[PDB]
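S.K.: following this: a sequence and the matching experimental structure.
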Amino acid sequence: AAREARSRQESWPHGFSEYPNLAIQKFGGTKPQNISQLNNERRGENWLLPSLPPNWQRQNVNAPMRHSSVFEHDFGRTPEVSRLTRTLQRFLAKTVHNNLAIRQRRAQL
Amino acid sequence: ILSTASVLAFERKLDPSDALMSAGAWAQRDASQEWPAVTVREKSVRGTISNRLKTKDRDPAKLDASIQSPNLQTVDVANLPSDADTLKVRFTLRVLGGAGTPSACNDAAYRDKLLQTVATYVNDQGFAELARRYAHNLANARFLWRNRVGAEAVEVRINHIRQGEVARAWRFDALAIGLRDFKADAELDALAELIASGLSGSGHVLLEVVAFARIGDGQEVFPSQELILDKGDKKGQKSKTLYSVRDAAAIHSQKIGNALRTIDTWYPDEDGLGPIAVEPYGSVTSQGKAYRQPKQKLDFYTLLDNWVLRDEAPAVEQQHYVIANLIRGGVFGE
Amino acid sequence: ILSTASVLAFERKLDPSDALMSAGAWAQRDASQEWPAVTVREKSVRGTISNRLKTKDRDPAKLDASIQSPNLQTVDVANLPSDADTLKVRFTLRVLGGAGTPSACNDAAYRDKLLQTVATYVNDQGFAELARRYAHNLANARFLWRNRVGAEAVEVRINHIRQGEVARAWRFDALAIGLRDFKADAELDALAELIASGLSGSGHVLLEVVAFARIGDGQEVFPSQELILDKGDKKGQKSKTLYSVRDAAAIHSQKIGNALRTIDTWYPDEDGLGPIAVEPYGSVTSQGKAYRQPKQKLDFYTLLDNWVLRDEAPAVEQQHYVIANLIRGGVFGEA
């Protein structure tokens, strides 16, 4: 539903979402006779929701001690800063309804 | 059963060079092989808000407010040296011949009648109505686009190269011959015959079209300008840069080849609005509206496929258009 | 008995290089080992509708809007310096030899009968006929693809470099001998014999091959160009690249190899319509159609199998084509 819908047009908007960063935890591997609910699609097929910290993946540097890194220093460049700027510009108009939710979410952001 | 092709191209004839500009004094156009070229130099600029501000909000307070916010604009400029009062533009033009033969096709029997349809055109009559039209667009200085207007003594020095020397040299005067009239002369038609023989494979011609616009002491020129884009980049980039080659400004080859193929006075509006470039759906980008509409049956994509497939031949007074934008070429087919 | 090899592949023979460009003055060409290379520049292009529109939306009152916000491309264009009027193009050619020997066979007696079929070919009618055909396609300047059409005086410099110093040289005329005639000379004889003795294996040849196209002054050269994946969609402005080496514009090795092997006049549809490149399913992407179709027996994949499996030898003319696209090398068998 979500892939074809947000591919072209095929959505009445419903409950659709993506589940990243889940890890496989097995309890017997190729000889599973430990616990119950354990058949030949569930051969230790207990997976595990994500719990990563605020620095789970890596981040590239953007201000080294070079010309294009630090010698041209009127940039403030960052990819997370680009994502924060996009998240600001997606709500750059204060409507006549959501001022209660848009009253502490812009300057705080 | 005889239809067109899916892919079908035509490599262009009348290849021009680029327009390397230089500048010197008048009556130094005789020894004009050593002039310093017009450099490309920046300037800073700011102005006030001359925008037509949309009157859903066109208020006096914002007009006063938008002045102490200036316009951070660094642009480029192309002046003469202040010791000089002329503009020299030199480039090289060659023709190739064999306008009917494509560069790609699908149906090999389709080209076997298109090339001999072009050959019935050629064996009927020469290129000697397109010939003096292109020879007039060369003998005046329409390739000087904005440098031509306002100048005093505009001149064209066409040479002709077949080894490391010049066979016969033409000279003209570019403001005597206007932009209305196409009248052959005792000298210009002997260059029309040159390019009409060059479009049939009867010699290798190589026209070196040198211009001389007399414009003023330390005045400014107009080279064509590139496509820079202020993408919200770093350091506040330029809003107008202009096309250069090695330490010299220039006009592009497609613009200086667009000036030559201003041919057709065969458009369904008038004749007194001037000539237009030849292309499919023959239009002017500046003047905004497109002549040769597909409402009329006077497209290129209507004349050529009704002249080849259905063999409904158009007027002799208009076949010059179709052969002219087969000299132009381009990607055809669906 | 003795069926085909299901996976079989040959290497290259007539190994080209990349041809890099420069430009200079005519008759300065003799002392020319230092000319500056024709480099790929960038210019801005703003064109209009020159494309065939189909009226499902293209109204007569619709084209009035499309020519004030046009399509603003950006191309890569190489031209000469405006004080130079030639085109120096230099590549290097080597010929390896041992044509019929495959590189990845399945069977054991298939290749052993194919190798002595090609060896009794060479033992009766040598490599010399294709050798003088490739010698003609080197003798003119067909590898100057568009740099030759509308040119004025082309003279190809060929050297047989066996050491630091050359062995013997060849000066030619790409317009006296032409795009039609395959008939020998008093000097193309020896270069045919050299490519013949290089294809057989009786001496390794290396041929540096320099072309001087008098294209004109400041004119458009045509280096071969690369592909535009995600470069007119990411930033949108650039829509034409060009192939390049270190501060030079260059011709690809595969299309200079393509112009080496426009050999076969033995296509069945005609003979005066120009020889095409030698391929299995001998075909051109210019004209669209395909000669050497398998709706007739005269295709390559039918000829080679009938000449090896069925054991019937085709005509004396058209065994040249079969060993020609053995010399080309490719992926054969059930791919």
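M.R.: Perfect, thanks for sending it. Residues are numbered from 1 along each chain as shown, chains lettered A, B, ... in the order given.
S.K.: from here on, just use CA atoms for contacts and neighbour counts.
M.R.: OK.
S.K.: what does chain A have sitting close to chain B?
M.R.: Residues of chain A lying near chain B by CA under 8 Å from any CA of the partner chain: A:74, A:75.
S.K.: now the helices for chain A?
M.R.: In chain A, the helices defined using DSSP state H lie at A:2-7, A:79-89.
S.K.: quick one: contacts of the last one?
M.R.: The reference is to helix A:79-89. Helix A:79-89 is contacted by residues A:106, A:109 when judged by CA atoms under 8 Å, 6 or more residues apart in numbering or on different chains.
S.K.: what does the shortest one give?
M.R.: With contact meaning CA under 8 Å, 6+ apart, helix A:2-7 is reached by A:10, A:11, A:16, A:17.
S.K.: turn the helices of chain A into CSV, columns for mean neighbour count.
M.R.: Formatted as CSV, these follow (neighbours: other CA atoms under 10 Å in any protein chain shown):
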stretch, mean neighbour count
helix A:2-7, 12
helix A:79-89, 12
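S.K.: neighbours of residue B:252, how many?
M.R.: Each residue near residue B:252 was counted by other CA atoms under 10 Å in any protein chain shown, and the total is 23.
S.K.: do stretch B:12-20 and chain C meet at all?
M.R.: Yes. For stretch B:12-20 and chain C, the contact criterion (CA under 8 Å from any CA) is met by B:15, B:16, B:17, B:18.
S.K.: tell me who's in contact with residue B:309.
M.R.: Here residue B:309 is in contact with B:2, B:3, B:4 (CA under 8 Å, 6+ apart).
S.K.: out of everything not next to it in sequence, what's closest to the last one?
M.R.: Counting by CA to CA, 6 or more residues apart in numbering or on different chains, residue B:110 is the residue found nearest to residue B:4 once chain neighbours are left out, at 6.9 Å.
S.K.: contact partners for the one you found?
M.R.: Shown in contact with residue B:110 (CA under 8 Å, 6+ apart): B:2, B:3, B:4, B:5.
S.K.: buried ones among those?
M.R.: With burial judged by 16 or more other CA atoms under 10 Å in any protein chain shown, the buried subset of those is B:4, B:5.
S.K.: about what we covered before: now render the helices of chain A as a markdown table, adding distance to residue B:186.
M.R.: Shown next, in a markdown table, are those (distance: least, CA to CA, whole Å):
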| stretch | distance to residue B:186 |
| --- | --- |
| helix A:2-7 | 69 |
| helix A:79-89 | 69 |
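S.K.: residue numbers of chain B in contact with chain C?
M.R.: Residues of chain B lying near chain C (CA under 8 Å from any CA): B:15-18, B:91-92, B:95-97, B:103-108, B:204, B:206, B:225-227, B:243, B:252, B:254, B:279-281, B:285-286, B:288-290, B:293-295, B:301, B:330-334.
S.K.: and the buried ones among those residues, selectable in ChimeraX?
M.R.: Of these, the buried ones can be selected in ChimeraX as follows, counting by 16+ other CA under 10 Å:
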select /B:15,16,17,18,91,92,95,96,97,104,105,106,107,204,206,225,226,227,243,252,254,279,280,281,285,289,290,293,294,301,330,332
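S.K.: element containing residue B:156?
M.R.: Take DSSP states H and E as the rule and residue B:156 turns out to sit in strand B:155-163.
S.K.: which is the succeeding secondary structure element to that strand?
M.R.: Where DSSP H and E defines the elements, the next helix or strand beyond strand B:155-163 is strand B:165-166.
S.K.: and the contacts of that following strand?
M.R.: With CA under 8 Å, 6+ apart, strand B:165-166 has contacts from B:159, B:160.
S.K.: using PDB, list the CA coordinates for stretch B:189-198.
M.R.: The C-alpha coordinates for stretch B:189-198 follow below in PDB (Å, rounded to 0.1, in the frame of the first residue of the first chain):
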ATOM      1  CA  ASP B 189      26.400  38.100 -56.100                       C
ATOM      2  CA  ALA B 190      29.900  36.800 -56.900                       C
ATOM      3  CA  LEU B 191      29.900  35.700 -53.200                       C
ATOM      4  CA  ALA B 192      26.400  34.300 -53.500                       C
ATOM      5  CA  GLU B 193      27.600  32.200 -56.300                       C
ATOM      6  CA  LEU B 194      30.500  31.100 -54.100                       C
ATOM      7  CA  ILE B 195      28.300  29.800 -51.300                       C
ATOM      8  CA  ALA B 196      25.800  28.300 -53.800                       C
ATOM      9  CA  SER B 197      28.600  26.300 -55.300                       C
ATOM     10  CA  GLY B 198      29.900  25.500 -51.900                       C
END
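S.K.: contacting residues around that stretch?
M.R.: The contact list for stretch B:189-198 (CA under 8 Å, 6+ apart) reads B:95-97, B:126-128, B:131-132, B:134-135, B:203-205.
S.K.: in it, what counts as buried?
M.R.: Of the residues in stretch B:189-198, B:189, B:191, B:192, B:193, B:194, B:195, B:196, B:197, B:198 count as buried by neighbour count, 16+ other CA under 10 Å.
S.K.: stretch A:60-79 too?
M.R.: Neighbour-count burial for stretch A:60-79, counted by 16+ other CA under 10 Å, picks out residue A:63.
S.K.: one more: stretch B:5-13?
M.R.: Counting neighbours by 16+ other CA under 10 Å, stretch B:5-13 gives B:5, B:7, B:8, B:9, B:10, B:11, B:12, B:13 as buried.
S.K.: so which of the residues you listed are in strands?
M.R.: Nothing among those maps onto strands, per DSSP state E.
S.K.: please report how far the one residue sitting closest to the centre of chain A lies from residue C:95.
M.R.: Chain A has residue A:20 as the residue nearest its centroid, 7.5 Å off, counting by CA atoms, centre = their mean. Counting by CA to CA, to the nearest Å, the gap from residue A:20 to residue C:95 is 56 Å.
S.K.: run through who's touching stretch B:143-151.
M.R.: By CA under 8 Å, 6+ apart, stretch B:143-151 touches B:137, B:141-142, B:154, B:213-216, B:221-222, B:255-257, B:259-260.
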